[PDB]
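Undergrad: Input target-v2.cif, format and content: mmCIF, C-alpha atoms.
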```cif
data_upload
#
loop_
_atom_site.label_atom_id
_atom_site.label_comp_id
_atom_site.auth_asym_id
_atom_site.auth_seq_id
_atom_site.Cartn_x
_atom_site.Cartn_y
_atom_site.Cartn_z
CA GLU A 24 -5.49 -10.42 11.45
CA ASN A 25 -7.10 -7.94 13.79
CA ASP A 26 -7.37 -5.37 10.99
CA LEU A 27 -10.86 -3.93 11.43
CA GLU A 28 -11.49 -4.10 7.67
CA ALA A 29 -10.63 -7.82 7.49
CA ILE A 30 -13.04 -8.49 10.36
CA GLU A 31 -15.70 -6.54 8.46
CA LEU A 32 -15.30 -8.66 5.36
CA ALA A 33 -15.42 -11.79 7.46
CA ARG A 34 -18.70 -10.65 9.01
CA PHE A 35 -19.93 -9.94 5.48
CA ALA A 36 -18.96 -13.52 4.54
CA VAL A 37 -21.00 -15.05 7.40
CA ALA A 38 -23.97 -12.74 6.77
CA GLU A 39 -23.89 -13.68 3.07
CA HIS A 40 -23.82 -17.38 3.91
CA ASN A 41 -26.79 -16.75 6.16
CA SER A 42 -28.85 -15.01 3.48
CA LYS A 43 -27.89 -17.51 0.75
CA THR A 44 -28.70 -20.59 2.84
CA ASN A 45 -30.71 -19.28 5.81
CA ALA A 46 -28.22 -20.73 8.26
CA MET A 47 -28.27 -18.21 11.12
CA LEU A 48 -24.56 -18.63 12.07
CA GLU A 49 -23.11 -15.96 14.34
CA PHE A 50 -19.68 -14.48 13.69
CA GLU A 51 -17.36 -15.29 16.61
CA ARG A 52 -13.86 -14.58 15.32
CA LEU A 53 -11.49 -14.31 12.40
CA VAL A 54 -8.73 -16.79 13.08
CA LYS A 55 -6.78 -16.48 9.77
CA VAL A 56 -6.52 -14.18 6.71
CA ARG A 57 -4.70 -14.39 3.37
CA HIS A 58 -4.96 -11.60 0.80
CA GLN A 59 -4.41 -12.31 -2.86
CA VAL A 60 -3.97 -9.21 -5.03
CA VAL A 61 -5.34 -9.76 -8.54
CA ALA A 62 -4.59 -7.28 -11.34
CA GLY A 63 -4.74 -8.22 -14.99
CA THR A 64 -6.72 -8.19 -18.18
CA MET A 65 -8.70 -11.12 -19.58
CA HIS A 66 -8.57 -10.86 -23.38
CA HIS A 67 -11.39 -12.37 -25.45
CA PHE A 68 -10.54 -13.09 -29.10
CA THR A 69 -12.60 -14.51 -31.89
CA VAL A 70 -10.03 -15.56 -34.47
CA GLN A 71 -9.93 -17.00 -38.01
CA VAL A 72 -7.35 -19.70 -38.71
CA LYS A 73 -6.11 -21.74 -41.67
CA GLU A 74 -6.52 -25.40 -40.68
CA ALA A 75 -4.38 -28.36 -41.80
CA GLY A 76 -6.01 -28.99 -45.18
CA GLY A 77 -6.43 -25.28 -45.90
CA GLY A 78 -9.83 -24.95 -44.20
CA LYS A 79 -10.85 -21.63 -42.64
CA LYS A 80 -12.13 -22.11 -39.09
CA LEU A 81 -13.22 -19.84 -36.22
CA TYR A 82 -11.78 -20.03 -32.70
CA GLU A 83 -12.51 -18.22 -29.45
CA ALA A 84 -9.39 -17.59 -27.36
CA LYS A 85 -8.97 -16.31 -23.78
CA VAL A 86 -5.64 -14.80 -22.78
CA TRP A 87 -4.89 -13.86 -19.19
CA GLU A 88 -2.30 -11.13 -18.75
CA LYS A 89 -0.93 -9.84 -15.45
CA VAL A 90 -0.26 -6.12 -15.77
CA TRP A 91 2.35 -5.58 -13.04
CA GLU A 92 4.16 -8.77 -14.06
CA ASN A 93 5.55 -10.45 -17.13
CA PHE A 94 2.83 -13.05 -17.43
CA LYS A 95 0.61 -13.96 -20.37
CA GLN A 96 -1.15 -17.33 -20.64
CA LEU A 97 -3.68 -18.94 -22.96
CA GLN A 98 -6.64 -19.93 -20.78
CA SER A 99 -8.88 -21.38 -23.43
CA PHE A 100 -9.03 -22.18 -27.15
CA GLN A 101 -12.33 -23.16 -28.64
CA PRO A 102 -14.00 -23.67 -32.07
CA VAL A 103 -17.05 -21.65 -33.13
CA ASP B 26 -5.49 -2.34 -32.04
CA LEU B 27 -2.36 -4.07 -33.37
CA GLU B 28 -1.23 -5.34 -29.98
CA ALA B 29 -4.57 -7.13 -29.75
CA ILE B 30 -3.49 -8.72 -33.04
CA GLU B 31 -0.23 -9.55 -31.24
CA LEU B 32 -1.87 -11.34 -28.31
CA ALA B 33 -3.96 -13.36 -30.77
CA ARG B 34 -0.86 -14.46 -32.70
CA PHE B 35 0.50 -15.71 -29.36
CA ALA B 36 -2.79 -17.42 -28.55
CA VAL B 37 -2.61 -19.47 -31.79
CA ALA B 38 1.11 -20.06 -31.36
CA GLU B 39 0.42 -21.27 -27.81
CA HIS B 40 -2.26 -23.67 -28.94
CA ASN B 41 0.09 -25.16 -31.54
CA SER B 42 2.85 -25.41 -28.95
CA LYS B 43 0.54 -27.30 -26.60
CA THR B 44 -1.44 -29.50 -28.99
CA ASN B 45 0.65 -29.48 -32.13
CA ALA B 46 -2.16 -28.49 -34.47
CA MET B 47 -0.11 -26.12 -36.67
CA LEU B 48 -3.15 -23.92 -37.28
CA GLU B 49 -2.14 -20.62 -38.92
CA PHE B 50 -3.39 -17.18 -37.94
CA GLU B 51 -5.43 -15.62 -40.73
CA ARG B 52 -7.44 -12.70 -39.28
CA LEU B 53 -8.64 -11.27 -35.94
CA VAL B 54 -12.39 -10.70 -36.07
CA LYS B 55 -13.61 -9.84 -32.53
CA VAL B 56 -11.86 -8.47 -29.45
CA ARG B 57 -12.87 -7.64 -25.88
CA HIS B 58 -10.54 -6.50 -23.09
CA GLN B 59 -11.84 -7.21 -19.59
CA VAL B 60 -9.93 -5.41 -16.79
CA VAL B 61 -9.76 -7.49 -13.58
CA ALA B 62 -8.55 -5.64 -10.50
CA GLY B 63 -9.23 -6.59 -6.89
CA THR B 64 -8.32 -8.78 -3.91
CA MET B 65 -9.25 -12.38 -3.23
CA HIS B 66 -9.43 -12.68 0.57
CA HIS B 67 -9.21 -16.12 2.18
CA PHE B 68 -10.55 -16.34 5.70
CA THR B 69 -10.71 -19.04 8.32
CA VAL B 70 -13.59 -17.98 10.50
CA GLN B 71 -14.97 -19.13 13.79
CA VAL B 72 -18.74 -19.01 14.09
CA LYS B 73 -21.32 -19.89 16.70
CA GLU B 74 -24.13 -22.17 15.59
CA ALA B 75 -27.72 -22.73 16.48
CA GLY B 76 -27.44 -23.54 19.17
CA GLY B 77 -24.88 -23.26 20.28
CA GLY B 78 -21.40 -24.60 19.72
CA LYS B 79 -18.48 -23.02 17.87
CA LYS B 80 -17.17 -24.17 14.47
CA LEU B 81 -14.59 -23.23 11.81
CA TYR B 82 -15.38 -22.31 8.21
CA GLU B 83 -13.22 -21.29 5.31
CA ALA B 84 -14.56 -18.37 3.20
CA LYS B 85 -13.46 -16.53 0.05
CA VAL B 86 -14.52 -12.99 -0.71
CA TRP B 87 -13.75 -11.24 -3.97
CA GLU B 88 -13.48 -7.52 -3.63
CA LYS B 89 -13.05 -4.98 -6.39
CA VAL B 90 -10.68 -2.06 -5.68
CA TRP B 91 -11.88 0.56 -8.21
CA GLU B 92 -15.58 -0.23 -7.76
CA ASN B 93 -17.84 -0.68 -4.83
CA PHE B 94 -18.14 -4.45 -5.05
CA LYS B 95 -17.63 -7.45 -2.81
CA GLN B 96 -18.95 -11.00 -3.20
CA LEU B 97 -18.87 -14.27 -1.30
CA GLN B 98 -17.12 -16.79 -3.55
CA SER B 99 -17.03 -19.74 -1.20
CA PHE B 100 -18.17 -20.73 2.29
CA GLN B 101 -17.29 -24.20 3.54
CA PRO B 102 -16.61 -26.11 6.78
CA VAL B 103 -13.03 -27.11 7.47
CA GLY B 104 -13.05 -30.91 7.83
#
```
Do you think you could lay out the structure here as structure tokens?
TA:
Amino acid sequence: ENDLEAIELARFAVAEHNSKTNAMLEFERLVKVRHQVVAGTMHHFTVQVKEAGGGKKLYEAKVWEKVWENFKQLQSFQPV
Amino acid sequence: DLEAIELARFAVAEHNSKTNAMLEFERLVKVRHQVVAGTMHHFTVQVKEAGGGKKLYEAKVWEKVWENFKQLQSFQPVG
């Protein structure tokens, strides 16, 4: 892309690599761009369950939901 | 929220589907809803080095759309 904004982010990328690593690379050109729109909610649940033998345990769940799509997915399920 | 209680029921139901643990939802005790909204940009970039010589790198920049925020996620040579 020759979109001026994409070039500006690419420069930002190089400049950030330079300040993170002290690399002194110079931006020459942007030879490829792919944009990935992300729009969702990450839900964080602490939840009480009834285990196999009747035991009451605590779990932390992470659900990722896309808001302009029909997509929910459990990311993580973890004891507390 | 009662839809938060609904996502949780799914979360437990999903775990059981995927592990077969047959845990049963009792009660929802904490909730937090984190809105994520932005663009992940993937760039192949040509740079000049010290000194000199040109070279390709692949970069990833996360950018928030409703906030003034951009961040370098990744910066790596192509092989």
Undergrad: Would you mind reading off the distance between CA of residue 70 in chain A and CA of residue 49 in chain B, one decimal, in Å?
TA: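 About the pair CA of residue 70 in chain A and CA of residue 49 in chain B: they are 10.4 Å apart.
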Undergrad: Taking only residues of chain B that have an atom at most 6 Å from an atom of chain A, what is each one's shortest atom pair and its distance in Å to one decimal, using only C-alpha atoms, in chain and number order, as CSV?
TA:
```
residue,atom,partner,partner_atom,distance
B:36,CA,A:97,CA,5.9
B:48,CA,A:74,CA,5.0
B:49,CA,A:73,CA,5.0
B:50,CA,A:72,CA,4.8
B:51,CA,A:72,CA,4.9
B:52,CA,A:71,CA,5.1
B:53,CA,A:70,CA,4.7
B:54,CA,A:70,CA,5.6
B:55,CA,A:69,CA,4.8
B:56,CA,A:68,CA,4.8
B:57,CA,A:67,CA,5.0
B:58,CA,A:66,CA,4.8
B:59,CA,A:65,CA,5.0
B:60,CA,A:64,CA,4.5
B:61,CA,A:63,CA,5.3
B:62,CA,A:62,CA,4.4
B:63,CA,A:61,CA,5.3
B:64,CA,A:60,CA,4.5
B:65,CA,A:59,CA,4.9
B:66,CA,A:58,CA,4.6
B:67,CA,A:57,CA,5.0
B:68,CA,A:56,CA,4.7
B:69,CA,A:55,CA,4.9
B:70,CA,A:53,CA,4.6
B:71,CA,A:52,CA,4.9
B:72,CA,A:50,CA,4.6
B:73,CA,A:49,CA,4.9
B:74,CA,A:48,CA,5.0
B:97,CA,A:36,CA,5.9
```
Undergrad: For the atom pair CA of residue 94 in chain B and CA of residue 81 in chain B, what is the interatomic distance in Å to one decimal place?
TA: 25.5 Å
Undergrad: Quick check, in Å to one decimal: how far apart do CA of residue 103 in chain B and CA of residue 80 in chain B lie?
TA: 8.6 Å
Undergrad: List the spatial neighbours of residue 38 in chain B as number ranges by chain - criterion: any atom at most 10 Å away, only C-alpha atoms, same-chain residues fewer than 3 positions off excluded.
TA: A: 97; B: 32-35, 41-43, 45-50
Undergrad: Here is a test: counting all atoms listed in the file, which residue of A:101, A:41, A:93, A:25 is nearest to residue 75 in chain B?
TA: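 Once distances to residue 75 in chain B are computed over all atoms listed in the file, the minimum belongs to A:41.
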